Amino acid sequence: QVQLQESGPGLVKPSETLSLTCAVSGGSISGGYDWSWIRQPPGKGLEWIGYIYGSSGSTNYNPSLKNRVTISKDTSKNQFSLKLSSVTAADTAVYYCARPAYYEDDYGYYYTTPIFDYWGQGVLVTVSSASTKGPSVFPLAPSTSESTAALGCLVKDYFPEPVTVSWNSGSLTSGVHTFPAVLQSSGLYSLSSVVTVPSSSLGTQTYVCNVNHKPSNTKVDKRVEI
Amino acid sequence: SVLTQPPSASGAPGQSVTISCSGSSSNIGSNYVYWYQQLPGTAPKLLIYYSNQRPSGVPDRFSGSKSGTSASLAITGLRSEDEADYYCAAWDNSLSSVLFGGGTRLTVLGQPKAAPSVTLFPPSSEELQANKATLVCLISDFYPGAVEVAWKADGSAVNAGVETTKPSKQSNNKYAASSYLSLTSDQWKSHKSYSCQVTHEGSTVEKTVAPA
């Protein structure tokens, strides 16, 4: 099972250096692959950043990045990494690491560089001069009105994105809806996550929302009671 | 040197659509073209490689071609599940870079209207202890993706403190949005009721809460 996983700070101040790593499992980083970084500004298109070739160390970068980019690799950790210096708002994006696959063409060759067959989940990096702010979590307590009940958690006044919410440590997945965040005039985000449950279960079942705001290294498990 | 795609495309269910990608001799004119499909909130997936080949799991409804300095993705037997952003990609010999087209958002026509489901929450007693009161109005499963949200205090239109998200496409091809009325605790208790009114395709759904 070849798997890639990005990690790194979600907030970077303008003119400083964005630094990200991609942990690779299910395969050696020394494989003959163009270990690649691709980014996507929220609501916009894909942009290729570059690669490091696992079996040589050779690199190639998008000239749009103008000598700001370094891609490295670490065999002892089985990872490769990205450094992007002198960032601006144009560098705010979800950053993906990706690996090609081998498909033989009509002449017997593999052209791997533009093939992105295995992708990481992506990590949002916001370039902003504003400070990190952890969320306050409040319970949202309760065609239909009361055969099922919507209960939730309001994740209030955080920065930057993202926040993830699960319910009962991931044991509760049916009927869960985590909404896209609102950006309030304060410059802080809020979101709401709601699970719709049988109203009978409000007594016999405890409901906990597991909020994670990685940019502030903060987790909150909030019990939602009626 | 860029790859140019029309930003939008559409087709009817069961019919076909073609998505174009325009480049130059240094990228499409001399290299393979690749296509990627991206559903909402997910990473792109390889759809076409070497200009006309499909990886495992891609139906033959999807086909690719290239001629001169342009390439085309054709999709037949269109289904609502095909709504996605489609990107072309190619190596450029001049820039020594992978180029992406700007992406084409595909709409499948004829999808039926869906009225929003609306859920309204009063402030929690925990927030009220901090002298604040946020009312939360959650709006889901509506189609097409455009709503108007109005707030009422004792049936009078509220102006201050309203913030409403843009609609976002759900995994089921319908849309979701949310609206927030940020009050102080004093303002919340000062009226008998508050309402969130959601207008969609000329009809409205309104929920009311009252300080108990």
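All heavy atoms count here, side chains included; hydrogens, waters and symmetry mates do not. Just so it is clear: chains get the letters A, B, ... in the order the sequence lines come, proteins before strands, and each one is counted from 1.
Contacts with chain B were tallied for A/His177, A/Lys44, A/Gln121; A/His177 has the most, counting heavy-atom pairs under 4.5 Å. Among A/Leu46, A/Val182, A/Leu191, the residue with the largest count of heavy-atom pairs under 4.5 Å with chain B is A/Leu46. Annotation: maximal heavy-atom pairing with chain A below 4.5 Å, among B/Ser124, B/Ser125, B/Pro122, B/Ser168, occurs at B/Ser124.
To the nearest 0.5 Å, the span separating CD on B/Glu163 from OG on A/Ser186 amounts to 9.0 Å. Distance check, rounded to the nearest 0.5 Å: OG1 of B/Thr119 to CG of A/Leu140 gives 10.5 Å.
Proximity to chain A (any heavy atom under 4.5 Å) is restricted, for B/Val136, to the side chain, taken from C-beta onward. Heavy-atom distances place the backbone of B/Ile139, and not its side chain, under 4.5 Å from chain A. B/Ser182 touches chain A through its side chain: at least one heavy atom from C-beta onward sits under 4.5 Å away, while N, CA, C and O do not. The contact between B/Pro44 and chain A is made by backbone and side chain atoms together, counting heavy-atom distances below 4.5 Å. With a 4.5 angstrom heavy-atom cutoff, B/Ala43 touches chain A via backbone and side-chain atoms both. Contacts of B/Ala177 with chain A are made by backbone atoms alone, with heavy-atom separations under 4.5 Å and no side-chain atom involved.
No hydrogens or angles considered: a donor-acceptor pair under 3.5 Å links the side chains of B/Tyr180 and A/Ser192.
No side-chain donor-acceptor contact under 3.5 Å links B/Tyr32 to the backbone of A/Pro114. Without hydrogens or angle criteria, B/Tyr36 side chain to A/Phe116 main chain gives a donor-acceptor distance under 3.5 Å. Remark: the backbone N or O of A/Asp105 is not paired with any side-chain donor or acceptor of B/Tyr49 at under 3.5 angstrom.
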In sequence, state the C-alpha distance, the side-chain angles, and the governing distance for B/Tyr87 and A/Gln40, and then conclude on side chain to side chain contact (heavy atoms under 4.5 Å, CB included).
CA-CA 12 Å; B/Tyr87 297 88; A/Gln40 183 169 45; 3.1 Å; yes

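Counting all heavy atoms, side chain and backbone alike, B/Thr165 lies closest to A/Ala181 at CG2-O, 3.7 Å.
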